[PDB]
Amino acid sequence: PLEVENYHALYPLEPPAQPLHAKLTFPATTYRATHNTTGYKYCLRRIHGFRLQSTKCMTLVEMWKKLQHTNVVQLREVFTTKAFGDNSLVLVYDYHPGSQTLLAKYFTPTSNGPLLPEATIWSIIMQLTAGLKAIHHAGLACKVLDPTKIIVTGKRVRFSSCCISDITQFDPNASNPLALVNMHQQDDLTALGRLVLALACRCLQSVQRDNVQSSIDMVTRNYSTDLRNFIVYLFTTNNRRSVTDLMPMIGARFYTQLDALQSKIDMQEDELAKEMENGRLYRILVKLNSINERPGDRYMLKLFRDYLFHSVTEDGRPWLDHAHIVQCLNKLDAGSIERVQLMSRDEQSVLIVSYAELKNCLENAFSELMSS
Amino acid sequence: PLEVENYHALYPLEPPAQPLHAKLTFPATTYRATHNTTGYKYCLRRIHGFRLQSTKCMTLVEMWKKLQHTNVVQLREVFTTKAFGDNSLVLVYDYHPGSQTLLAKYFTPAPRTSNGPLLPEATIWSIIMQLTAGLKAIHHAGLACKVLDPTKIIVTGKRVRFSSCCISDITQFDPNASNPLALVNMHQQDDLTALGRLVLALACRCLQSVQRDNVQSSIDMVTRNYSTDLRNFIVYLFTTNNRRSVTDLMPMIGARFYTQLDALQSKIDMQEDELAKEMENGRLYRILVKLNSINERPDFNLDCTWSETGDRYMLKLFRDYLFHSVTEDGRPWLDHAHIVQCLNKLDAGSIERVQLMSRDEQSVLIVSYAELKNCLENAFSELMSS
Ligand SMILES: Nc1ncnc2c1ncn2[C@@H]1O[C@H](COP(=O)(O)OP(N)(=O)O)[C@@H](O)[C@H]1O
Ligand SMILES: Nc1ncnc2c1ncn2[C@@H]1O[C@H](COP(=O)(O)OP(N)(=O)O)[C@@H](O)[C@H]1O
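Protein chains in written order, with this note's numbering: chain A, 1 to 372; chain B, 373 to 758.
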């Protein structure tokens, strides 16, 4: 299995994907792949020997593809295929690199590992809550919510494979569908509460039906009263629950998170401003190379091309400076007033040109070439 | 005036700084400056004909310096100098480029049509979420914006900032008072009021809607065309008998936080993309430089090298494959995307093979990219050693 219909270059993720419970476990596996047309790297998940029962399910998927939230791993497309040798349904998601499952992050062996700092638990709470708000608004339920089902790429938290579980369990013909999405949506909120308690305890089996109440008691000792009420709110099942209702409990923290994100944006704003250089170089040289090969002005650029890479040390040895080439190209891109002296292969001719002028020669030459 | 205290190549920002009213208007100009030691570019404000009275205001300037928030333009230093040709006090801020005042952005007219199509509500909240973020940061540090209004806020791309918060305190600062900072709380309330006017003015997008006479109906304007949350927001700020807090405004913004919190994360996503492509650009620019050194470099590099043979020739053919493509019309087809795909294949050195065709139709040459990379590597090292 090296080819799939709309993709190729598949690579197996680890750990191997868990087999999924429909009624009978359908062995299922998730893969790194590469798009055939663009060469983009995506993530695709195969569930073995599965065919969608009705077309209506397709409507449900369309909702899933349609949804777009930063806190949800994007669903890109879904197709049924026989290429693997067991005809199967594969879902393609965006591939987020170096990500590990939240289970992997925090529950792998103050218990197993130093109990999570409160600060972190809220940042998680805000991301997960945001995703849920987006999902529920979009008239969907996560369906399954638990440590394996959420992935953390760097500091970001994302609902990794939410659509799958909904697809597998869906009824094409359902008595009150919208009434059922309602119970499902609530379930998530109960499941959200169960998750965060596992986090605050940083022991997965704290959530145990038996254990939970003492686990809650622990939470309040080591963490704030707010985090308590939050967790206690999600657990009081009797009442209808909303992502909105959690809002005053997170409370003013939103400003800390909102504020943090802006300085991350300012962080990368600087980085990006520096590394933007690489781009200009790649592009400026690409214009120049295309110009040099294809056929006065053309000769001028060609002499300049010799200036950069045709160099010879007094002896006859080459003089390739990497740094010099970068400087000259940057000056060329800037179109600086400063002038360089070009020498023709003939001894007599010598050319004096401003970079700004030379940049024009390239700019003029390219446009005509594109035009033709 | 081309040299300053720490500063040279000062450039005049437009539109020109508005005069500053303390008692008698002091003409002012704001400048783009380059730091001499650092070469970093800052923004500095000169208010004309001034002398600081005392260290007392300085102790206050220290606090502004301590403070550092994303929604406020940073204060770096304040100094009094006689260089510009008179007595002036100059304040140095971080320079945010291409930024414009909030007044200029939303209130410049081209005509309820107002002067412009009423602002989208979503837009207004994001502004609210950023200004409130600013005051929350500033009060919490025991300060009052002192002046809040369309001119004093600048918008740099999507980012909204308090442009020159510190200036108001030093200019109006007095040697003798009940205390310098005894007054700060009434200032803070004055801010929260001033916030209300700004957002009301934005809703209407008519600047004069703030005026005493007009307000009630301006609020009436808001309620017709916007959410009743925005109504409550503007209205809450206007009750004056009550002591108030920036963080009291929270439930009114309410569920928007996810909305904003989300757009920022998507901005973070977009940058990681951009940041990624730049590194690729990095990888490939360098591959290209190695490619260029070799082609036609081999003028006399080797005596024995025979025409059209082995490594030098194979890389020449590859160069033609990238930059010497003809559209069926016979037009030069330069493919930007194609070139990037090929170089990545060469940089990665993939299993997959490509067909390199001579200018002669007869000659054709099929080579794996991994083999294709090897030629460049071996060709380059041979050249590097000399
Ligand atoms: N959408 C995704 N993009 C990139 N990597 C992903 C991903 N979803 C999951 N992964 C990676 O694969 C591992 C398990 O993912 P997956 O097989 O889909 O979830 P599972 N069956 O273990 O519950 C995780 O450690 C995670 O790093
Ligand atoms: N801190 C700052 N960094 C970069 N640019 C700034 C800035 N403060 C103001 N500007 C720009 O300079 C112009 C005038 O600045 P400013 O002096 O704040 O306006 P003013 N004095 O008439 O009230 C504005 O159009 C604004 O875009």
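For each residue, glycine too, the CB sits at the ideal point set by N, CA and C.
Closest residue to residue i among the options (Cα-Cα distance)
i	options	result
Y223 of chain A	A:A356, A:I121 and A:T38	A:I121
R448 of chain B	B:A455, B:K454 and B:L439	B:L439
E434 of chain B	B:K639, B:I539, B:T528 and B:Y379	B:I539
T148 of chain A	A:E368, A:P27 and A:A104	A:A104
residue 415 of chain A	A:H136, A:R45, A:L180 and A:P117	The question about residue 415 of chain A has no answer, for chain A in this structure spans 1 to 372.
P15 of chain A	A:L102, A:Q213, A:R194 and A:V340	A:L102
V712 of chain B	A:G335, A:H322 and A:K287	A:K287
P97 of chain A	A:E271, A:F159, A:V144 and A:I151	A:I151
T38 of chain A	B:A751, B:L567, B:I499 and B:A709	B:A709
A200 of chain A	A:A273, A:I135 and A:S123	A:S123
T565 of chain B	B:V607, B:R596 and B:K530	B:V607
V353 of chain A	A:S336, A:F366 and A:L369	A:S336
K359 of chain A	A:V312, A:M343, A:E314 and A:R298	A:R298
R584 of chain B	B:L432, B:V698 and B:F610	B:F610
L140 of chain A	A:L258, A:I125 and A:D166	A:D166
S753 of chain B	B:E700, B:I666, B:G682 and B:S679	B:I666
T453 of chain B	B:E743, B:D546, B:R484 and B:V376	B:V376
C43 of chain A	A:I284, A:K264, A:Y95 and A:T313	A:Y95
Alpha carbon of residue i to alpha carbon of residue j, nearest angstrom
i	j	result
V618 of chain B	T504 of chain B	6 Å
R655 of chain B	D719 of chain B	8 Å
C747 of chain B	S757 of chain B	15 Å
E269 of chain A	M276 of chain A	10 Å
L572 of chain B	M58 of chain A	46 Å
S111 of chain A	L20 of chain A	30 Å
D671 of chain B	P318 of chain A	11 Å
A138 of chain A	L132 of chain A	9 Å
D641 of chain B	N443 of chain B	20 Å
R731 of chain B	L687 of chain B	14 Å
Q544 of chain B	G251 of chain A	37 Å
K413 of chain B	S536 of chain B	17 Å
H48 of chain A	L246 of chain A	39 Å
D458 of chain B	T401 of chain B	14 Å
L13 of chain A	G193 of chain A	29 Å
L320 of chain A	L694 of chain B	23 Å
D521 of chain B	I591 of chain B	18 Å
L689 of chain B	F79 of chain A	41 Å
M249 of chain A	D226 of chain A	6 Å
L674 of chain B	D306 of chain A	18 Å
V532 of chain B	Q257 of chain A	17 Å
Where the alpha helix (DSSP H) through residue i begins and ends
i	result
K264 of chain A	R253 to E293
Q446 of chain B	Premise fails: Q446 of chain B is in no alpha helix (DSSP H) and is neither H nor E.
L44 of chain A	Element bounds for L44 of chain A: not the alpha helix (DSSP H) but the beta strand (DSSP E), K41 to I47.
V157 of chain A	Per DSSP, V157 of chain A belongs to no alpha helix (DSSP H); it is in the beta strand (DSSP E), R156 to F159.
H137 of chain A	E118 to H137
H380 of chain B	Careful: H380 of chain B lies outside any alpha helix (DSSP H), inside the beta strand (DSSP E) at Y379 to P384.
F695 of chain B	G682 to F695
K105 of chain A	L102 to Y106
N557 of chain B	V556 to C576
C163 of chain A	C162 to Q169
Run of the beta strand (DSSP E) containing residue i, from where it starts to where it stops
i	result
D94 of chain A	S88 to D94
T55 of chain A	No beta strand (DSSP E) holds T55 of chain A; DSSP gives it neither H nor E.
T528 of chain B	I525 to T528
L728 of chain B	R725 to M729
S740 of chain B	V736 to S740
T30 of chain A	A28 to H35
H322 of chain A	Unbroken run through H322 of chain A is the alpha helix (DSSP H), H322 to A334; no beta strand (DSSP E).
Near ligand 4: residue i beta-carbon under 6 Å from a heavy atom
i	result
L647 of chain B	The model on display carries ligand 1 and ligand 2 but not ligand 4.
Any C-beta of chain B within less than 8 Å: which residues of the segment 68 to 91 of chain A qualify?
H69, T70 and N71
Chain A contacts made by the segment 649 to 676 of chain B, where a contact means CB separation under 9 Å
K649, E650, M651, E652, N653, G654, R655, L656, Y657, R658, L660, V661, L663, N664, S665, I666, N667, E668, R669, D671, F672 and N673
Listed by chain order, which residues have C-beta atoms less than 7 Å from any heavy atom of ligand 2?
B:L385, B:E386, B:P387, B:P388, B:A389, B:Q390, B:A400, B:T402, B:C415, B:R417, B:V445, B:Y465, B:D466, B:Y467, B:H468, B:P469, B:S471, B:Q472, B:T473, B:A476, B:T523, B:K524, B:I526, B:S535 and B:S536
Output needed in chain order: residues of the segment 304 to 317 of chain A with a Cβ under 7 Å from some Cβ in chain B.
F309, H310 and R317
Given a limit of 8 Å on CB to CB distance, which residues of the segment 608 to 623 of chain B reach chain A?
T619, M622 and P623
Could you please tell me which residues of the segment 117 to 132 of chain A, in chain order, have their CB closer than 9 Å to any CB of chain B?
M126, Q127, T129 and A130
Could you please tell me which residues of the segment 354 to 368 of chain A, in chain order, have their CB closer than 8 Å to any CB of chain B?
none
Got a sec: which bits of the segment 629 to 647 of chain B sit with their beta carbon under 8 Å from any beta carbon on chain A, in order along the chain?
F629, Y630, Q632, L633, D634, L636, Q637, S638, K639, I640, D641, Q643, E644, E646 and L647
If you measure beta-carbon to beta-carbon, which residues of the segment 28 to 60 of chain A are closer than 7 Å to chain B?
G39
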